[PDB]
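The block underneath contains the structure these notes are about, expressed in structure tokens.
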Number of protein chains: 4
Amino acid sequence: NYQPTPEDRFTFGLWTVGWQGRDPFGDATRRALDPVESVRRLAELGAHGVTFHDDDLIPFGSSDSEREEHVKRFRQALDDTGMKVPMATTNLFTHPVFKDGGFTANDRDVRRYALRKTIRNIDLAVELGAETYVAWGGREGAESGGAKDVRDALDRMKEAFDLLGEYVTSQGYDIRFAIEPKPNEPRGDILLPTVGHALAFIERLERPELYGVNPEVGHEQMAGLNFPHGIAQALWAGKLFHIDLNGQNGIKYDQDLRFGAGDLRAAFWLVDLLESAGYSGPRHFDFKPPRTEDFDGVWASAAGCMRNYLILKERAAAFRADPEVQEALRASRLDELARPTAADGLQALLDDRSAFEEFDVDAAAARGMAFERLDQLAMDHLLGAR
Amino acid sequence: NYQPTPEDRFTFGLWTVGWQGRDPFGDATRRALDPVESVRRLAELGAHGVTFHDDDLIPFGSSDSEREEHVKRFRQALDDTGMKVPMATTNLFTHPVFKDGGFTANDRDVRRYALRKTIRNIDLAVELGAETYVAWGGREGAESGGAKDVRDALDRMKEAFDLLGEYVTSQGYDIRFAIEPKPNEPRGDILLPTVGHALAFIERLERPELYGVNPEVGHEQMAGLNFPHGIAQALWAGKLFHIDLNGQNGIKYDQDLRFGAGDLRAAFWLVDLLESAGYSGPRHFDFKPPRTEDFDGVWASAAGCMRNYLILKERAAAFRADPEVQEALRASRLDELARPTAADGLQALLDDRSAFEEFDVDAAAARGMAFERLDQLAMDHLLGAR
Amino acid sequence: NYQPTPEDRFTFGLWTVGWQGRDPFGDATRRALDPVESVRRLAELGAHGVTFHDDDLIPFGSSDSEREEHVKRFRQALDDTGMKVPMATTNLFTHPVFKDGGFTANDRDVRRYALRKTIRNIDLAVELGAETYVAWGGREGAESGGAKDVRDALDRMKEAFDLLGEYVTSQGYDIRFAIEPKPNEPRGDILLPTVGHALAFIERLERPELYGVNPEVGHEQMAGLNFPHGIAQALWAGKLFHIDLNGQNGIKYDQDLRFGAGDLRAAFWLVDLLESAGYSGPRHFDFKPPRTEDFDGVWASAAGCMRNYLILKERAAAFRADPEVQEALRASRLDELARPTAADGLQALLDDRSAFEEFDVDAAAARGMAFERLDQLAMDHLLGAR
Amino acid sequence: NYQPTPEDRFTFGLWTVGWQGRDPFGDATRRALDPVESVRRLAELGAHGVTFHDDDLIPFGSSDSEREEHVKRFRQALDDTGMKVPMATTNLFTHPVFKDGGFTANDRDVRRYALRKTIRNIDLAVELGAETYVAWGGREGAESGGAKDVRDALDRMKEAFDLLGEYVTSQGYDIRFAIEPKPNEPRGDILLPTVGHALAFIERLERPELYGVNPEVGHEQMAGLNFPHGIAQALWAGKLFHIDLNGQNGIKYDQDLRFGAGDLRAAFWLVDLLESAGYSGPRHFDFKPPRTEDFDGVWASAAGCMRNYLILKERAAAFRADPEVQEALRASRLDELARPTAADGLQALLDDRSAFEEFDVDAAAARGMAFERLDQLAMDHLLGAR
Ligand SMILES: [Co+2]
Ligand SMILES: [Co+2]
Ligand SMILES: [Co+2]
Ligand SMILES: [Co+2]
Ligand SMILES: [Co+2]
Ligand SMILES: [Co+2]
Ligand SMILES: [Co+2]
Ligand SMILES: [Co+2]
């Protein structure tokens, strides 16, 4: 009955179930949650762990003694429940000081502060056991063309991430970074807008091995992109360090619906890929229970995230294991896709008349791909209509 | 009066002005153009050169003697006009054999043929003087999730591009490749859907220095992305080997409107960036005169591409040179964006109380960015309303 | 096992299964189908009927004796199979004469021809038993602002539809019209771009009762709209005269995927609505088997259209009949949504202190909507995970 | 120098320049503005008037004596400046009670309260001289399919608007309503998502003459629609009662950029249409100065709204008055578009061999539309490059 347990490695941000419901046009619909209560409630649902921005766990502007007490209470809740903290991150977007960015703010003093704020929280993350440190530069970007020279901003972004890599190396930490792309919102355009742009940027860092991506379902879908395809490219690059799961209906504001909502077939193909690839990181939900809901609806929405993942996991596994699907995959030449094109080498390909002079293009063209039968088997498996 | 000359380095594909007007829903509205006539007409408008797919210059399936004659006539037209051929490319999308791809077709024999077809045309491109060889993998992708394992497809794509790099190296050619991303159309999703994804892929090739990107205005805009920002990231990476200029109205089918049409302000900021950066490659137009037009309208639309570039060039230069704009840029801290965040180094930043313990976040937050005044100066310059 | 029969009222256009695979970038991948063969193949799959544009059944430019023979053969196929022809339409988009429109072409002679071409085919439609005559004005619109004065074009569009209404009235036909909106493609913007715009236009015709809409799943989704919501508004207006079923992934070119593909949850909610409302018109598929497919894949894709409708029909009925769902609907106040707001009348509402002076806004605000639990029951029913 | 004066009829919402900068992800960046100060500042810029939601002028939950004092101060500011109040509206979206809607909330008590809250503010609007009463049902809609039966919701929406019409009739007010469509945000899908849907709905009200639309540039652009085309359809219907001017870059969250920003060419064609049509209502700006800005930037952004309208007005008038453009319009048959198709009547069209039997489709097809030359004249006029 698709019941999650901590072995399933499902995690949630404090800010997810804790979202009070404020939007562009609306005041809060729910009271604030104490992190202790969210840890307890999430553990009861079968979650494995929780994640946090600095300012979700310790109110911004807290004294040292307040900080210590917030962390102490949180640690007790983790210990009481067995919940883990696999990932943490910095809030470089809410406070007005970050209105033009953190790491790529035009004001240099703000860039330096953003780095100090991040470093302080890396130390805390490591204390709480986090393996991954996410960075979503939601304020990096512009509403107008003159406001932001993007080459200069990328220079600043590289400096910042290189400094953070120097810092973790200096401390001997085993934490790695995961850069989270988003195309827009809250800035008119955000820098590193997709998985591809973030992967490309990482290759230019001083120590690329320390950095990967944290793609989010809805973010790539805000650019109309295929989220499973982007995850495949991240896996191909060896850079899927973390993932954010939720739902989105296309090219809109970021909806943050529960996982499985939004594009259901994309959710199916995502689960199929993560499971086929043996992704071993957390299945993290970055979602918002709609502001229509009370707390009972918050916990129902969170439970639904995990339930939908588990249903889709079952159906994708059944699809791949079905001998009729295995035959359809061969009929569609998925086996041939996985074979090298020219392991014989360049000269042999050049000398191979079957590749040009004697290639019957019409006979090859006439061979159907059989993709529709394959896809209807996939549909039948998803819907439990076999 | 914004008159182009060959010194402006404007180029056009044969398939642009030569588009007969067939669309998803429509038969041709114009007769076919002889490439000789297009070279002559484009030169009269002040173009610098033309580009071609193999199958635009030599009909698919031509004999050797037909090939020779098509090339001879084209060479005569180039010589008669002084037109250049800076770029060429392969058609790996029209023939039905490529219905599932060229380099990433599931059928291995098709992948090998695609490579042979490409190599044949690289030789021709070099003979005609081309410096850049574009690859738009418009058939690489899928309409359904099971049809294409993207990790396997990227393995095949890397093999193909690595073989092409081995080939040009073996021949001692000074041609470089430019990979053209597109998010969708004609496939439901295309592999390497954006500039970022293509840049990331190139970093995993055996000889990355041989490959860059050929971004197209409308392609990035089909994902709702900021084209100037993506061009900035390509320039930051040293990978803007070629560019395709046209117009697009957002998230639709690829419209291929003349340059300056579609998103006019994005066209302004693009020109500003190319000119500020000293981009020295061709300003290539990959556009389609609308099928409403006769040949007179074809040539008017082509002329408009160049005219709009030159108007925007004038206005962007005036913007950057205006001392009132220079003052506004300082007021908005664009100068500070260009300064290193922490050239003092990590330890100095950690020990700098002005960066954390004594940083007045409220005073920094209160300082307006002055971006709206800057942007209205930009608007006034674009519109000739100063 | 979700087997369709003619009682299910599934219909297909000749141009659907008959699509040869030509796209923006690609030549045909399949040979042409004789309409007789498509009628036979569709009947074997359990279809109820077929639909046609004039020029799909009789090649454009046919002589009277060729026309007669094409119709005779088609009629024999219908008689051999028991297939019906519930709908027909005019091709006012393929021939180059329609490059600026049919009914709203700037050239008046083209507008008059479009009307004559339509009237000729209305007569044929009635002979073949069609109840509905669709009009998709795919060429009505513009790529540029000066090319088309939309008020003038709407005047021309109204004249055309009013003339067609006068014609059917004059002949005593019992056929009604169904206007098909689309937002763009092949024109940069199409007139009457959504269900709403078409509904609004109809209200200004001389005999609105003769006209309704023919909404298409993918067309509304090309504007990012909620297709079930638009269908609900059409049903509310009494104007759902016909419907086109297919799949689409968001804001792209019109994909015409098989029904159930694309946005699966939207397909579920659509079926739920059509069945709840007792829609009694044809379930018509306007789709294209992908050009990757051979004929076996064409028929598999067509079969999948019907299969997916029947699966979704079963799941939506089970959802609505489940007493746990019925309780959840009451918990979410769907019953209260269906009750008049103020059947007591305006003055009673004005005098009702419970509506203002004594309304406890905080108590009402605190009551959760319970929509997430309801939606997860819907998900569980769709996936067969109850 | 494009200086606005009150004769230009530019108006602004209190909530525009008064936006404190809170977004999905961000706290306020500016202090609250007293409405008195905004009236004074806007008048100094040359505005004609201001508009308000109830809760922008009188804080929600105010006592009668607080209400009276807020209104008194506002009235004094209007009198001090000569500013008008042409439009008012109700906030049926911020307070948590409206989390599922106002007029279409599932809770009936909320629907009744929404009506009472609206009626109270209609009285105030009339006292302050407003001619138009806007209704933006931003909370009417859903995030999930089961939560909202749209036919039932439209029944509730019609009841509400019919009651409001009964109310204004009963009081003898000369105020009219303007319904503001939006496709999404804050709800996943909003009811009446476009101009077309709102126009269609109005036709089903009890007294349609009392209601029109208040279209917003960015709202229609959030569906990828052509805003000038939608305005043309509203004008064709006689229903453009008010308009909201701003800027938007395509399919995103609602950006609310200053007018002229976003899609500049669409802004040009909009101004051309409003001025050609002789629209005599307010030119109202519903925009948000970006949260990067301080108050000086707020007023610069507001000034830019008006400046851009005036520049575009000049250029559109010059375009239409240019005899070379007038000749190009005739060459493109815009004159013929404006002539009736068949004033000779149906029978004459049926008997006209020039319309079918003797229509030379190839000769008509061959005649180019000359739209690209026309559009480049339009570009040249916009850019001041003639
Ligand atoms: Co998100
Ligand atoms: Co996230
Ligand atoms: Co293109
Ligand atoms: Co291109
Ligand atoms: Co379609
Ligand atoms: Co259709
Ligand atoms: Co807005
Ligand atoms: Co508005």
Side-chain angles (χ1 to χ4, degrees), chain A residues 100-101 104 106 139-154 183-184 187-191 193, chain B residues 195 215 217 220-221 224-236 243 245 247-248 250 259-260 262-277 279 308-309 311-322 324-326 328-335 337-338 369-383 385-386, chain D residues 247-250 252 255 257-265 267 289-290 292-293 297 300-301 304 308 383:
Chain A
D100 190 45
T104 75
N106 284 355
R139 294 286 176 202
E140 318 311 314
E143 291 70 62
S144 52
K148 193 68 49 173
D149 180 296
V150 171
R151 293 181 290 163
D152 291 328
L154 291 169
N184 69 253
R187 307 305 306 264
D189 293 290
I190 291 171
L191 304 183
Chain B
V195 162
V217 174
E220 301 302 291
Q221 294 175 351
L225 299 179
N226 181 315
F227 186 71
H229 288 192
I231 297 306
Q233 184 167 352
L235 286 165
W236 187 76
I243 196 171
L245 306 171
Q248 176 68 22
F259 183 68
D263 186 338
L264 178 54
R265 288 245 286 168
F268 171 80
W269 293 115
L270 173 63
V271 175
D272 174 70
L273 175 59
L274 295 175
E275 296 302 322
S276 292
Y279 169 66
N308 291 331
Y309 190 103
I311 297 163
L312 296 171
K313 176 178 178 182
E314 175 191 68
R315 306 306 170 76
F319 171 74
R320 293 292 177 185
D322 180 349
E324 186 167 349
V325 170
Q326 297 176 347
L329 289 162
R330 293 184 303 262
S332 292
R333 288 87 74 198
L334 277 300
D335 58 314
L337 179 66
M369 302 313 298
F371 294 151
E372 289 293 281
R373 175 166 192 289
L374 176 61
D375 192 57
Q376 189 62 41
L377 289 168
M379 183 74 78
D380 289 348
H381 272 280
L382 173 59
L383 296 178
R386 287 286 289 141
Chain D
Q248 176 68 22
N249 299 99
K252 300 182 175 54
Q255 299 192 291
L257 300 171
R258 78 187 188 289
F259 183 68
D263 186 338
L264 178 54
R265 288 245 286 168
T292 55
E293 302 308 289
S301 195
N308 291 331
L383 296 178

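Scope of the values below: all heavy atoms of this structure, side chains included, with no hydrogens, waters or symmetry mates. Convention: sequence-line order gives letters A, B, ...; per-chain numbering from 1.
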Ignoring hydrogens, what is the shortest heavy-atom contact between [X] and [Y]? Give both atom names and the distance.
{"X": "B:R265", "Y": "B:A378", "result": "NH1-CB, 4.2 Å"}
{"X": "A:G145", "Y": "B:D375", "result": "N-OD1, 4.3 Å"}
{"X": "A:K148", "Y": "A:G141", "result": "CE-O, 3.4 Å"}
{"X": "B:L374", "Y": "A:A147", "result": "CD2-N, 4.1 Å"}
{"X": "D:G262", "Y": "D:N249", "result": "CA-ND2, 3.6 Å"}
{"X": "D:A267", "Y": "D:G260", "result": "CB-CA, 4.3 Å"}

Under a 3.5 Å distance rule, please check whether [X] uses its side chain to pair with a backbone N or O of [Y] as donor and acceptor.
{"X": "B:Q221", "Y": "B:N226", "answer": "no"}
{"X": "B:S332", "Y": "B:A370", "answer": "yes"}
{"X": "B:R333", "Y": "B:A331", "answer": "yes"}
{"X": "A:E140", "Y": "A:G101", "answer": "no"}

Hey, what do you get for CE (B:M369) to CG (B:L334), rounding to the nearest 0.5 Å? 8.5 Å
OG/A:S144 to CZ/D:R258 distance, rounded to the nearest 0.5 angstrom? 7.5 Å
Does some side-chain heavy atom of [Y] sit less than 4.5 Å from a side-chain heavy atom of [X]?
{"X": "B:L270", "Y": "B:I243", "answer": "yes"}
{"X": "B:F259", "Y": "B:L312", "answer": "yes"}
{"X": "B:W236", "Y": "A:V150", "answer": "no"}
{"X": "B:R386", "Y": "B:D322", "answer": "yes"}
{"X": "B:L273", "Y": "A:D149", "answer": "no"}
{"X": "B:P215", "Y": "B:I231", "answer": "yes"}
{"X": "B:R315", "Y": "B:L383", "answer": "no"}

Aromatic rings B:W269 and B:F319: how do their planes relate, parallel, tilted or perpendicular, breaks at 30° and 60°? perpendicular
Under the side-chain hydrogen bond (donor to acceptor under 3.5 Å, both in side chains) rule, collect the residues that match up with [X], sequence neighbours excluded.
{"X": "B:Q233", "result": "none"}
{"X": "A:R187", "result": "A:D100, A:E143"}
{"X": "B:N308", "result": "D:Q376"}

Determine, for B:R320 against B:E275, whether the closest basic-nitrogen to carboxylate-oxygen distance falls under 4.0 angstrom. no
From CA spacing to verdict: side chain to side chain contact (heavy atoms under 4.5 Å, CB included), D:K252, A:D189: CA-CA 10 Å; D:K252 300 182 175 54; A:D189 293 290; 4.1 Å; yes
Determine, step by step, whether B:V271 and B:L274 satisfy the side chain to side chain contact (heavy atoms under 4.5 Å, CB included) criterion, reporting the C-alpha distance in whole Å, the side-chain angles of both residues, the deciding distance to 0.1 Å, and the verdict. CA-CA 5 Å; B:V271 175; B:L274 295 175; 5.6 Å; no
